[PDB]
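Heads up: the protein sequence lines correspond to chains A, B, F and J, in order.
Per PDB author numbering, the first sequence runs over residues 32 to 139, 148 to 309, 312 to 321, 321A, 322 to 358, 360 to 398, 400 to 409, 411 to 505.
Per PDB author numbering, the second sequence runs over residues 512 to 547, 569 to 664.
Per PDB author numbering, the third sequence runs over residues 512 to 547, 569 to 664.
Per PDB author numbering, the fourth sequence runs over residues 512 to 547, 569 to 664.
Positions of the beta carbon are idealized from the N, C-alpha and C atoms, including for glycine.
Beneath this line is the structure, given in structure tokens, with notes to follow.
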Amino acid sequence: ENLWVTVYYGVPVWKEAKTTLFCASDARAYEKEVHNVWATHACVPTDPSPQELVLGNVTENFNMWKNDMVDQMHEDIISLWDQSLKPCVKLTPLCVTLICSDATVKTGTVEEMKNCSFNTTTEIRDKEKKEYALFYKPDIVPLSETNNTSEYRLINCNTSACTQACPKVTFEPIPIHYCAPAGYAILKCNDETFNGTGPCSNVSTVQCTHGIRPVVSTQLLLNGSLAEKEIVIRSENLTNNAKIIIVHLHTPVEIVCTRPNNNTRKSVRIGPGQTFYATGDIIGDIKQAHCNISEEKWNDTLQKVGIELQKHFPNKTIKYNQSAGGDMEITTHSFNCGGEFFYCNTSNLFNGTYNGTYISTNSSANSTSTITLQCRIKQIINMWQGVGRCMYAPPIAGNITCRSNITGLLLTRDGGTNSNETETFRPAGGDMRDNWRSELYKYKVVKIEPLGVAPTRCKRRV
Amino acid sequence: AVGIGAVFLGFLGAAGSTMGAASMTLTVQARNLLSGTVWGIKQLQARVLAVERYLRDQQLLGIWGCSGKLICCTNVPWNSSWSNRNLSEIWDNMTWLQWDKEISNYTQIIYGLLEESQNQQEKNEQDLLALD
Amino acid sequence: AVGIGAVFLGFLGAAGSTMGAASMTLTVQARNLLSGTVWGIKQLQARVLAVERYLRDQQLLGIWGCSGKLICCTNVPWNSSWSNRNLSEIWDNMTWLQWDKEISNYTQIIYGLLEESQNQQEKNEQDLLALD
Amino acid sequence: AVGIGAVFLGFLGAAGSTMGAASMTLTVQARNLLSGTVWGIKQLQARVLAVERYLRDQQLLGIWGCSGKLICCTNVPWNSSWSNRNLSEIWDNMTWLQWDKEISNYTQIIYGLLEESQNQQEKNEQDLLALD
Ligand SMILES: *[C@@H]1O[C@H](CO)[C@@H](O[C@@H]2O[C@H](CO)[C@@H](O[C@@H]3O[C@H](CO[C@H]4O[C@H](CO)[C@@H](O)[C@H](O)[C@@H]4O)[C@@H](O)[C@H](O)[C@@H]3O)[C@H](O)[C@H]2NC(C)=O)[C@H](O)[C@H]1NC(C)=O
Ligand SMILES: *[C@@H]1O[C@H](CO)[C@@H](O[C@@H]2O[C@H](CO)[C@@H](O)[C@H](O)[C@H]2NC(C)=O)[C@H](O)[C@H]1NC(C)=O
Ligand SMILES: *[C@@H]1O[C@H](CO)[C@@H](O[C@@H]2O[C@H](CO)[C@@H](O)[C@H](O)[C@H]2NC(C)=O)[C@H](O)[C@H]1NC(C)=O
Ligand SMILES: *[C@@H]1O[C@H](CO)[C@@H](O[C@@H]2O[C@H](CO)[C@@H](O)[C@H](O)[C@H]2NC(C)=O)[C@H](O)[C@H]1NC(C)=O
Ligand SMILES: *[C@@H]1O[C@H](CO)[C@@H](O)[C@H](O)[C@H]1NC(C)=O
Ligand SMILES: *[C@@H]1O[C@H](CO)[C@@H](O)[C@H](O)[C@H]1NC(C)=O
Ligand SMILES: *[C@@H]1O[C@H](CO)[C@@H](O)[C@H](O)[C@H]1NC(C)=O
Ligand SMILES: *[C@@H]1O[C@H](CO)[C@@H](O)[C@H](O)[C@H]1NC(C)=O
Ligand SMILES: *[C@@H]1O[C@H](CO)[C@@H](O)[C@H](O)[C@H]1NC(C)=O
Ligand SMILES: *[C@@H]1O[C@H](CO)[C@@H](O)[C@H](O)[C@H]1NC(C)=O
């Protein structure tokens, strides 16, 4: 016998590569709404149905934290947000001296709203008209050089002029499918209860992911896909306290949130052909913005997350605790329900300590025990900590109500010489990346790399 | 796993089968290598790389022989230092992805041999056609 | 109408001639399927679609046989359920455009038959070159 | 000057060698013809032209024959009005560039001979396979 090279095209072999993926919609938005829906106008109208191909005897080395595709989501998000703001009204003329008083004096539930008035430039450049609006105290700051008077300004005039978000734009988290371009493929695990790193034993190709909602939030996730069979705990490295812990849930705890007081919207003309929108009045009662969770189901979830998290810290008792301190954007859970940017105090929610007994203290009888959170609202948001990314959200008339399944908790550990029997887990001020990474952990992209060469014992015709 | 309608239409779907059994599916990969504001530049750049990837492969296949044949013999003997397996391990035991871990060493030696085999053959055929 | 300098250089100029007499003009079409600020994006998308149109045909002809031949035979017998006509009607009465109205039914039956016809040829040649 | 690892990787490097000697090097040119904000339009336009150039060359070579052969004979005799030299000057004395200064006149006469030469062959082959 003797052996001769043969060249084979089309053979199935592959390599890791970084490549620009492209976004594919469910096409439902592609009426007028394609250009109204933030996180859809960049994407193809498609039926991107995830394909059927379990790969058989393959084993593949996935990774959740070293992954690149999360940074493609992050750059695509920022570049699309910033694109959608360019045509909209800059608030530059509105950096005037505001003169203010309280809406009805009294408790913080109503004194949250300042009533403020100012001169506005009409269409007629030489004429200014006196005008008024209601503002939430976080949007406002006292003007200095004065004896503690009624003189105020918008919070942002010393940093950047925000655009009003165009009122046709809708921030609703319509799902994105991410797709591989031609000559690349996406692999996923089917081997659930996966650990975020190491070999995955049951693997499929798909050209496009399932529908991923681009939900931004902190301290909790919302409308995330649930884990398959059990609570899954993931971290880049638990032994470094600086690593986040994604506590991915098996079962949906449910949250309800509301601004129950009844706002009305007024439009203020500013120069030729632009309207600022402001809260004109509160109709009837002043009752506070708040969120409700069934404290029974939440308490079972803090037992079960106690049980699982103890496997990595065996025998030790678990303290939950509040966040350590800072701005609202760091210390409070956050949303965009209806189009309003809530900021809810989680301090009473992550309360108490629970231990290796993990008894079913919730009895099988009926109970209506609700935990409730106090929530601030803001209109000026310095989005994703960008001073130039900032926007003013126009107010929404009527009263907001909003319901959701919840989370994969973004915890951080806190522990040292104090510990002995016990350690503290606190809500964490997550990056945007951490949300999306709790959906994309399943997925890896490869370059197909055909043109294989092998010995076959055959010889050319001459 | 394997079905000739779709196995390589999401690419890759035969890769567990061992090298001899995979060789009946190659067409499904080949026919799938070429499917289809700043996002306009993203799609154009993605498309144009997928074309150049395909043409640079078809050009290498042209220059070595064979011009479009998916499978062909080459008149380059298989060197003793590469010969570390009996043929039946290659065709009947290994997967294509596993075999790549071996022959991903020293590959461009084979491409240099393959190119020059074709030069000498075209020189020889040209004299036969000159007599003919 | 017909003229091999220009008939398909603005395309289609033979379309009424009947199927047999059109067969002499195909080169004029084959040589022309690849002739050549937001307007820059319109032109780049026009160009790259015309390339992908062309290469996808060359990939199909490459897979069924024949690699660049304009005309060839294929070892798929013509089924009675398609055989509704005598050869003289086809080559001497219908136009290519009239013919399309029939065989635009069931076309992917034919492409399944053609691709597998080639696989079995390449397998059978591989054994003979292994014995050679 | 000549060296098969780089001579045409910066292109052109055999251009002084005479036509007979340069003929061993052609592969290095072919394998390099397809290497790889408003500047993105400038790069896409450069790429897309490099692709269509390369494909229009392969399209001609297909239509005349030969679809991937780098060198082939063509059954068009060399007319006396172009035969202004002995073969030994052409292959052993001129450079390819100095030869181009001649047959850059009237080249399209030769393309009309080459294209039509292939038609008559493919018709003739179809009549033989029509008895195979
Ligand atoms: C988690 O998932 C939950 C289930 O999908 C989310 O709850 C849903 O939230 C949306 C938020 O908009 C509610 O949709 C509504 O849409 C109608 C019609 O909208 C159109 O008209 C309005 C003017 O009224 C216009 O501004 C829009 O541009 C549209 O053209 C509105 O009239 C309603 O007020 C309402 O906002 C769903 O009703 C709501 N479903 C449930 C069961 O609550 C939840 O928001 C997700 N969580 C997070 C944090 O996003
Ligand atoms: C919330 O405020 C709106 C705006 O004032 C109220 O809508 C008005 O309700 C009255 C009584 O039903 C109607 O006569 C008006 O025609 C309504 N429209 C407007 C534009 O004024 C609404 O009733 C309030 N709802 C609650 C529950 O407070
Ligand atoms: C939750 O975290 C806070 C802040 O780290 C803890 O609060 C401190 O508790 C000690 C108890 O001796 C006090 O001396 C400190 O003054 C507290 N505040 C600060 C800023 O350190 C709190 O103990 C933790 N909760 C539980 C129940 O352990
Ligand atoms: C605006 O507020 C009203 C009154 O709170 C909401 O209607 C009620 O919803 C709550 C929670 O489901 C119920 O407890 C009340 O009994 C309902 N009251 C009535 C009169 O129906 C209403 O859903 C809110 N509107 C929007 C658009 O969210
Ligand atoms: C806000 O202040 C203006 C001052 O002109 C007054 O007319 C208006 O009634 C006030 N509105 C509320 C709801 O306080
Ligand atoms: C803008 O003004 C507020 C006034 O309270 C101040 O806190 C903030 O530090 C200022 N920022 C800059 C960049 O001047
Ligand atoms: C599981 O995940 C952790 C955290 O990413 C990693 O450090 C560890 O090595 C993994 N262990 C196994 C058995 O996969
Ligand atoms: C954990 O507790 C069990 C039961 O009390 C005991 O046997 C074991 O030694 C303990 N392990 C550690 C690491 O403390
Ligand atoms: C949350 O509420 C507690 C009282 O329940 C209060 O002391 C604390 O300041 C609040 N924290 C934040 C961050 O809002
Ligand atoms: C919450 O989860 C349950 C799981 O069965 C599902 O039926 C329900 O539709 C989900 N609701 C939302 C708003 O996601």
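Cross-chain neighbours of residue i in chain B, by beta carbon under 9 angstroms
i, result
"residue 599 (chain J)", "594, 599 and 600"
"residue 630 (chain F)", "Those within 9 angstroms of residue 630 (chain F) in chain B number zero; the least Cβ separation is about 30 angstroms."
"residue 514 (chain J)", "Going along chain B, no residue has its Cβ under 9 angstroms from residue 514 (chain J), so there is no contact; the nearest lies around 13 angstroms."
"residue 541 (chain J)", "591, 594 and 595"
DSSP state of residue i mapped onto helix, strand, coil
i, result
"residue 177 (chain A)", "helix"
"residue 639 (chain B)", "helix"
"residue 620 (chain B)", "helix"
"residue 40 (chain A)", "coil"
"residue 628 (chain J)", "helix"
"residue 489 (chain A)", "strand"
"residue 479 (chain A)", "helix"
"residue 320 (chain A)", "strand"
"residue 433 (chain A)", "coil"
"residue 95 (chain A)", "coil"
"residue 124 (chain A)", "helix"
Where residue i falls, given that 16 or more other Cβ within 10 Å makes a residue buried
i, result
"residue 223 (chain A)", "buried"
"residue 652 (chain J)", "exposed"
"residue 610 (chain F)", "exposed"
"residue 555 (chain F)", "Placed between 547 and 569 in the numbering, residue 555 (chain F) has no coordinates, as chain F goes from one to the other without interruption by modelled residues."
"residue 188 (chain A)", "exposed"
"residue 449 (chain A)", "buried"
"residue 482 (chain A)", "buried"
"residue 498 (chain A)", "buried"
"residue 575 (chain J)", "exposed"
"residue 381 (chain A)", "buried"
"residue 361 (chain A)", "buried"
"residue 374 (chain A)", "buried"
Closer than 7 angstroms at the beta carbon, the chain J residues around residue i
i, result
"residue 588 (chain B)", "545"
Cβ neighbours of residue i in the same chain (closer than 7 angstroms, five flanking residues each side left out)
i, result
"residue 646 (chain F)", "596, 606 and 608"
"residue 105 (chain A)", "475 and 476"
Closer than 8 angstroms at the beta carbon, the chain F residues around residue i
i, result
"residue 584 (chain J)", "545, 547, 579 and 583"
Amino acids of chain F, ordered along the chain, whose beta-carbon sits closer than 9 angstroms to that of residue i
i, result
"residue 661 (chain J)", "604 and 605"
"residue 531 (chain B)", "Correct list: empty, because the minimum Cβ distance to chain F is about 11 angstroms."
Listed by chain order, chain A residues near residue i by CB distance under 9 angstroms
i, result
"residue 658 (chain F)", "37, 499 and 501"
Cross-chain neighbours of residue i in chain B, by beta carbon under 7 angstroms
i, result
"residue 651 (chain F)", "535 and 538"
"residue 41 (chain A)", "537, 538, 540, 541 and 602"
Chain-ordered neighbours of residue i on chain A, where CB pairs are closer than 7 angstroms
i, result
"residue 624 (chain F)", "The premise fails here: residue 624 (chain F) is roughly 39 angstroms from chain A at the closest Cβ pair, so nothing lies under 7 angstroms."
"residue 527 (chain B)", "86, 87, 88 and 89"
Residue i: contacting residues in chain F (beta-carbon distance under 7 angstroms)
i, result
"residue 576 (chain J)", "576"
"residue 572 (chain B)", "573"
Residues of its chain near residue i, where Cβ-Cβ distance is below 6 angstroms and the 5 sequence neighbours each way are ignored
i, result
"residue 99 (chain A)", "49"
>> Could you check whether the segment 235-249 of chain A touches the segment 90-101 of chain A, counting it as contact only if at least three pairs of C-beta atoms, one from each stretch, sit closer than 8 angstroms?
In response: Touching, yes.
> Is the segment 128-136 of chain A touching the segment 497-504 of chain A in the sense that three or more CB pairs, one from each, lie closer than 8 angstroms?
Replying inline: No, the segment 497-504 of chain A is not in contact with the segment 128-136 of chain A.
>> Is it the case that the segment 284-291 of chain A contacts the segment 117-134 of chain A, given that we only count it when at least three CB pairs across the two stretches are under 8 angstroms?
In response: Here the segment 117-134 of chain A does not lie against the segment 284-291 of chain A, with fewer than 3 beta-carbon pairs under 8 angstroms apart.
>> Does the structure place the segment 625-637 of chain F close enough to the segment 629-647 of chain B that three or more beta carbon pairs sit under 8 angstroms?
In response: No: fewer than three Cβ pairs fall under 8 angstroms.
>> Does the segment 524-542 of chain B come into contact with the segment 614-632 of chain B, if we say contact requires no fewer than three beta-carbon pairs (one atom in each stretch) closer than 8 angstroms?
In response: The segment 524-542 of chain B makes contact with the segment 614-632 of chain B; the number of CB pairs closer than 8 angstroms reaches 3 or more.
>> Below 8 angstroms, how does it come out for the segment 42-55 of chain A and the segment 468-475 of chain A: are there three or more Cβ pairs, yes or no?
In response: Proximity of the segment 42-55 of chain A to the segment 468-475 of chain A falls short of the contact definition, fewer than three beta-carbon pairs being nearer than 8 angstroms.
> Are three or more beta carbon pairs between the segment 198-208 of chain A and the segment 112-132 of chain A nearer than 8 angstroms?
Replying inline: Three or more Cβ pairs closer than 8 angstroms define a contact, and the segment 198-208 of chain A meets that threshold against the segment 112-132 of chain A.
> Would you call the segment 377-396 of chain A and the segment 419-426 of chain A touching, i.e. three or more CB-CB distances under 8 angstroms?
Replying inline: Judged by Cβ distances under 8 angstroms, the segment 377-396 of chain A makes contact with the segment 419-426 of chain A, as three or more pairs qualify.
> Does the segment 477-493 of chain A touch the segment 330-345 of chain A, meaning 3 or more C-beta pairs lie closer than 8 angstroms?
Replying inline: They do not touch, by the three-pair rule.
> For the 8 angstroms Cβ check, are there 3 or more pairs between the segment 528-546 of chain J and the segment 616-623 of chain B?
Replying inline: Under the three-pair Cβ rule at 8 angstroms, the segment 528-546 of chain J does not count as touching the segment 616-623 of chain B.
> For the segment 294-307 of chain A against the segment 270-282 of chain A, are there 3 or more C-beta pairs whose distance is under 8 angstroms?
Replying inline: By the Cβ test, the segment 294-307 of chain A is not in contact with the segment 270-282 of chain A, since fewer than three Cβ pairs between them sit closer than 8 angstroms.
>> Is it the case that the segment 52-64 of chain A contacts the segment 212-219 of chain A, given that we only count it when at least three CB pairs across the two stretches are under 8 angstroms?
In response: They touch, by the three-pair rule.
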